[PDB]
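> Experimental structure and its sequence below.
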Amino acid sequence: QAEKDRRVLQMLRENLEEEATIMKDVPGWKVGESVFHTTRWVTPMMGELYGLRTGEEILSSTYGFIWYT
Amino acid sequence: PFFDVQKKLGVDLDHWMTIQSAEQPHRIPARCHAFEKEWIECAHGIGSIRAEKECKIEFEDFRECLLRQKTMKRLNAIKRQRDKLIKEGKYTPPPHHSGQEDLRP
Amino acid sequence: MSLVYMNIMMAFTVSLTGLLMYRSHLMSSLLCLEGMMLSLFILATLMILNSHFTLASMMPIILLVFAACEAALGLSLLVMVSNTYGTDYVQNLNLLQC
Amino acid sequence: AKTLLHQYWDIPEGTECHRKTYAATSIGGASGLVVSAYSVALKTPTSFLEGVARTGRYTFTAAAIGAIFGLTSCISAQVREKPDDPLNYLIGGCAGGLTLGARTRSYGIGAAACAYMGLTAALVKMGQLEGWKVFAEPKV
Amino acid sequence: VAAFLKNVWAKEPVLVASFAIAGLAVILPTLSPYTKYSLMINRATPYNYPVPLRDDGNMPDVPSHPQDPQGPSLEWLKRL
Amino acid sequence: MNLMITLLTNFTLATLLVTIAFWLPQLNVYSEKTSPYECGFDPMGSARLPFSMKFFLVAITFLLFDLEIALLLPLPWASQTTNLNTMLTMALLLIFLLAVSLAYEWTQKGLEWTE
Amino acid sequence: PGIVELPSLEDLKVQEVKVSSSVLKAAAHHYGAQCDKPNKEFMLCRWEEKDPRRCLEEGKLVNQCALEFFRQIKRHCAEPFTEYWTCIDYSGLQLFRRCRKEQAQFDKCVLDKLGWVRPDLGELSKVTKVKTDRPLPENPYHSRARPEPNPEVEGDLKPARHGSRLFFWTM
Amino acid sequence: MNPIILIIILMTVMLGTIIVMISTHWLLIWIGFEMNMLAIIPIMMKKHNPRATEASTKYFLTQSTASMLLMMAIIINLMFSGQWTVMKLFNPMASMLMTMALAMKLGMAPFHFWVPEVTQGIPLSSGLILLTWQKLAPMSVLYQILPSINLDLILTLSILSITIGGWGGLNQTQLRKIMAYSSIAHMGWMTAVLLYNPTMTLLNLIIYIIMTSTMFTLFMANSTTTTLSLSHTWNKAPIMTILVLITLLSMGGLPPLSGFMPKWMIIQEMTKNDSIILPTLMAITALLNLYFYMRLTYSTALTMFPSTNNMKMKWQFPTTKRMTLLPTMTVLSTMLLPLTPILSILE
Amino acid sequence: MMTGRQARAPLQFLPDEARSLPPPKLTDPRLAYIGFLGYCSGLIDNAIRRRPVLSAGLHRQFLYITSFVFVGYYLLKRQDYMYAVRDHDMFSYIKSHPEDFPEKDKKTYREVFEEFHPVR
Amino acid sequence: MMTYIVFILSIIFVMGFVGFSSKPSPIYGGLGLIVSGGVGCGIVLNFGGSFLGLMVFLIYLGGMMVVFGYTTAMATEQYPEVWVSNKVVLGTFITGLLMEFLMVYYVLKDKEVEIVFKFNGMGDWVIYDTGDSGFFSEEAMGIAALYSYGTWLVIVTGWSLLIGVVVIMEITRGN
Ligand SMILES: CCCCCCCCCCCCCCCCCC(=O)OC[C@H](COP(=O)([O-])OCC[N+](C)(C)C)OC(=O)CCCCCCCCCCCCCCCCC
């Protein structure tokens, strides 16, 4: 459990820290903005974590359990 | 004529399934358990019209938890920007995103 | 919402336009009805499996179950026509007009 | 079809002619397509060509009804210079009635149509003036 | 009732055997002594996590260690 | 993924045999080898005439009994439930409903054949 | 709407128990016996806080105590533990049944040289209590003020004034 | 038909209606609707005639389409709302699909193309069971979801129902098609007031059920399914002509009869919302309904048609049929006006 | 529209508050009218089954009168209970919200202007 | 075009639905719907629904094996049409395939179509969870609590199936 929470926070921090260097010249955007009205923690969907990584990790992580025989 | 006999005889027929935030076998929460709890407890007993007029924020947050569509628009915008910046040629992915990263455990 | 949701609901309304425009055969319309129910079942199961609603998992299959409990009835409403008419064309089914 | 009626009522009456006439023609065309689709639905056309002939007939008749109604209202309100008078709409209703009698090739139908949709156009005009509601929202 | 039973046993023994098995399966679990053992066997399976509780200082039953004698044991299934 | 590979390999091996069976040997066809087989005589009419089939109710009630099976099939995981009394009582109830349907079929002359 | 407050990557940078599944399963009972206090503290604060951004110190202590336990295993009973987790890892389902001799040797060695008792069946599944000091979160769900409910009905049931008052019906 | 099997079938359809009444779950609502379908289907096939098979096929296909539309509305509401409580809906398109499903189930126009053939192809008791008991469950569902009902859609369906029912009833000689189009007109009158005061809808439903059951009981008693035989009933009994005259005057909308009780108060719950021209139009189409009712009364009671010589034999045997609560339902259908405020028991 | 009042406790014909109301007297004109309805129903049974209308089956007429009077008394009790509930909720809401319903000063006729239209 | 496997299976689903929605003949319509049900079961298996996908597979196989028996029994014409032996069947099949490719091209280009509701062009795998459910599958306890929690539902389902049996017996009696 401790490993899972630390990895989830690390992946979210990695995704947030690279969102700044890509979206600068666009107008009227606040980086890292949440889409929820409350500040309470939510369990992140899979697109927020691996939405910037390669596709091999996608088919090895999303469908990996189902496709393992 | 909604003859609510489930409260007259005190017998539970289909109140155990009708709501996502009910009692589940082996205590498994759904994907929007907290949002369901907030939306029920905020909009309890005050009427549907007052619930819609006053408890709109938590219902909106619950609908965003369920559909996740605003997150889809966010991911679409950042991915279109990423594809564009690769296509012109002023972006290079880091080794962490490319795969050779040596994950935490 | 998504993409597969769009595909499944478009399949439902395609099968609805298939049912709502007949082609002179009752059992083909029954097949289109069971197709509409297939789209309904697929949509419900996918919606539950996305939303992790475990305790509602009885509802798709039971829905499926009840559909068969009427679909055979449609088959039971076919041979009776075949016990009066030679075939099962709907353009022959116009006795109730007077 | 919620925008055709509003666009009809978005322009002041008796001020400009062709836009109001074309708006009424479009409303008539939508009504004609609806009634012709129902007519070919419940009643089977003998052929595809006869069915599209019936559809075009109903479309042309209803488009002429709407165009002549809007036109006659426009010149009536321009000549009398009275935008808030339903008599222009009554005159347009009789013009539409004469149009219906001409396209259906009848005369008593033309006079009855004069009276009937002239009264209907007048009821529409004082419904707009006095703010009557066909579908009243629930209040009590 | 013996003559009727002999008659149905002579005509079709399959129905007699099926109804005997059905009656046994109906009336025997209501006379079984190990049904409550099955109840505690099913109830004692640790599927989810046993989360602890906060302490106000007044609890005589719950332990602070898994090896403390306080708390429920599982000796009955170990012996059986 | 491996299921898809196994399916594709099985379909490839299946459809390769008929292609080998067809396009390899020499074909020589006339208008008698392609004729329908009726024990050496011409067919009386066509085979598309409606069969006066007699077990229509047996097929429909096969469907209904398969749906009874669909109700009775998740029973093993219900063996791990806590409320055992309701489980046992209603599994027995559903099996009894199946038996009631079968017994009503037996008494009201449904398992036999028409004509 | 709102903004997210994510922890820095430096705080998450902590060494790990870099072992496998079979090694963790072989010493699972003794880890659950010896190291119950930090694990139970972490589980309780995670259950009552429901926020991983505030649940890092207890996870750090759990990780450090787990690595300390494995270091104590490494210092005294290395080779029987290697044999135990090797023959555990050979099995596909990681069955505890096919490793009786190795398990007996491992528990005998760790009892004779470190004095740890393997818990019996169901002992690790008991509910426990934790002598913690963190305050109970009064608002764990980050909610807001509840709307005011409608007023109830009060007073006696006086009869209707002048009947039903419906058109000409006096009563 | 076997009496035990028929009793089981009737218990099944009443159980399905009760399940729709008492459930707080959409799946149980649909299950009760399916049970209602599957139990009413063999009621129409009690006589084993080709007309019954045609009517059963049309009914089954239309109600199956309605059931599938209802399921799609339920799934859309689930996906946009995440629960199953029978309350207001959280999507306009789900409201559309459920309103079309309930209109198809009720027979409201322009989905009225199945009610007259279905009523004609089945006997009188099956027609009674259809036109009375199938108008309770969809009314309960519409009572449950009236916050989410679009106003323009339900009002357009209501006015179309009343106009189409009157124009259909103007040109039918068969009694059962007359009953079907009168039922469409009463359906429109009943569902026009649903969004303003549903107690008026329940009151009009109760009065319509009482009057329609009274008329179908009189038709079963006289064993007549045609206008000419209904005229010939004058020689068999004068009392039957008196009751058919007073009942068909009651369903016309004349005071001081009971049929003036609901409809007038419908206006009393529609002028309070400042809707003036709509009750006037519906009163005009009620006058059309009264016109075909008046033609039927002229046929049966006010003019004695010539008879045949065979009916003298029928003078030697009294009516041995079982008239189920006929005087009570006739009295309730005729003289319920001085007890008008009793509708307050429906709150 | 009283469904909220019938929200917490359902399927009750006469709740506990209904016992605190004065019940209808047996000499109520509505009860007499419902008894007349039952008598007319008994006459209709004497008529439609080809029996004498005013003497045949006095037990049937008495049963009809008694049943009609019974159900009429209970329905009238429910009716006046519901109307009392309506008026009590009325007065409770009119005590509860005085800001949205102010008072009116009824002016005299010595100063309010009226327009007189002559008839001639 | 790899992680669009759910999209590809849904496209084959819509293709088979358009194919059997032409209503050419009950056997060929059954074949088209069976292809559609196969790829729909593939969708449900790819979303972790092993039991539900296999159940809809087995139920559809039984039901339209019965449908095959019925169309070979009674509802048969002398010359059944495959897809091209009649004009309107091929016309509506080509029409449905053209609209199918129409919103395919609409969803692969702008990634957001608006047909009644709005729809996105990404795969559904983005909404699937990142958490692990331990030593069990959740749908299994759904259909296991079917017997314990589901009292009224199982009672009415069994009664409805029994009523279906008695109704189907009563309908085809004749006298
Ligand atoms: C899988 C491992 C190996 C298996 C064995 C393989 C080798 C042997 C194969 C033999 C040949 C098989 C094929 C040929 C026959 C095919 C036809 C056939 O099988 O027909 C079935 C035959 C048909 O019977 P029939 O043909 O005699 O039918 C006549 C019917 N009456 C009398 C009504 C006119 O039998 C059955 O249907 C019975 C089913 C099996 C019964 C098993 C009983 C087990 C014990 C029950 C309890 C007994 C104790 C009493 C109750 C106690 C209660 C507490």
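Everything's here; your move. Residues are numbered from 1 along each chain as shown, chains lettered A, B, ... in the order given.
> Pull out the buried residues from whichever strand or helix holds residue D:38.
Per DSSP states H and E, residue D:38 falls inside helix D:18-42. Across helix D:18-42, burial judged by 16 or more other CB atoms under 10 Å in any protein chain shown covers D:20-32, D:36, D:40. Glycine gets a C-beta too; all of them are placed from N, C-alpha and C.
> And the strand or helix carrying residue I:82, what's buried?
Secondary structure assigned from DSSP H and E places residue I:82 in helix I:58-96. Residues I:61, I:64-65, I:68-69, I:72-73, I:75-88 are the ones in helix I:58-96 that count as buried (16+ other CB under 10 Å).
> Mind checking what secondary structure the residue lying closest to residue C:57 once chain neighbours are set aside has?
Distances taken as CB to CB, 6 or more residues apart in numbering or on different chains put residue J:142 closest to residue C:57, at 3.0 Å, once the chain neighbours are dropped. Classification of residue J:142 using DSSP: H, G, I helix; E, B strand; the rest coil returns helix.
> does residue J:142 really touch residue B:25, like I thought?
Yes. Contact between residue J:142 and residue B:25 holds when scored by CB atoms under 8 Å: they sit 7.5 Å apart.
> And stretch B:36-46, how far out from the chain middle?
Chain-centre distance of stretch B:36-46: 15 Å, with CA atoms, centre = their mean, to the nearest Å.
> mind listing what's buried in that stretch?
Buried residues in stretch B:36-46 (16+ other CB under 10 Å): B:36, B:37, B:38, B:39, B:40, B:42, B:43, B:46.
> now the residue of chain C found nearest chain H: how far from residue H:83?
Nearest residue of chain C to chain H: residue C:96, at 3.9 Å (CB to the nearest CB). According to CB to CB, to the nearest Å, residue C:96 stands 43 Å off from residue H:83.
> ok, now how distant is residue J:28 from residue H:281?
The value you get for residue J:28 to residue H:281, if CB to CB is used, is 51 Å.
> again, but for residue D:64
Computed with CB to CB, the distance linking residue D:64 and residue H:281 is 27 Å.
> Same question for residue J:118.
Applying CB to CB to residue J:118 and residue H:281 gives a distance of 39 Å.
> Same check on residue B:7?
If you go by CB to CB, the gap between residue B:7 and residue H:281 works out to 42 Å.
> is the helix holding residue I:82 up against chain G anywhere?
Yes. Helix I:58-96 lies within reach of chain G by CB under 8 Å from any CB of the partner chain, at I:79-81, I:83-89, I:91-92, I:96.
> tally of neighbours for residue I:117?
Look at residue I:117: counted by other CB atoms under 10 Å in any protein chain shown, it has 4 neighbours.
> What residues does residue 29 make contact with?
All of this refers to chain A. residue A:23 (CB atoms under 8 Å, 6 or more residues apart in numbering or on different chains).
> next one: residue I:10
By CB under 8 Å, 6+ apart, the contact list for residue I:10 reads B:3, B:4, B:5, B:7, B:8.
> which SS class is it?
coil.
> Can you tell me the closest non-neighbouring residue to it?
Using CB to CB, 6+ apart, the nearest residue to residue I:10 is residue B:4, at 4.7 Å.
> surely the one you found meets residue H:23?
No. Using CB under 8 Å, residue B:4 is not in contact with residue H:23, being 9.5 Å away.
> So what touches stretch I:37-47?
Residues outside stretch I:37-47 that contact it (CB under 8 Å, 6+ apart) are H:239, H:243, H:326-328, H:330-331, H:335, I:51-54, I:56-57, I:60-61, I:64-69.
> And for residue C:7, the neighbour number?
Count around residue C:7 with other CB under 10 Å applied: 28.
> Need the three-state assignment for it.
Residue C:7, by the three-state scheme (three-state DSSP), is helix.
> Please, which helix or strand holds the closest residue to it other than its chain neighbours?
Excluding the flanking residues, the one nearest residue C:7 by CB to CB, 6+ apart is residue J:10, at 3.7 Å. Using DSSP H and E, residue J:10 falls within helix J:5-20.
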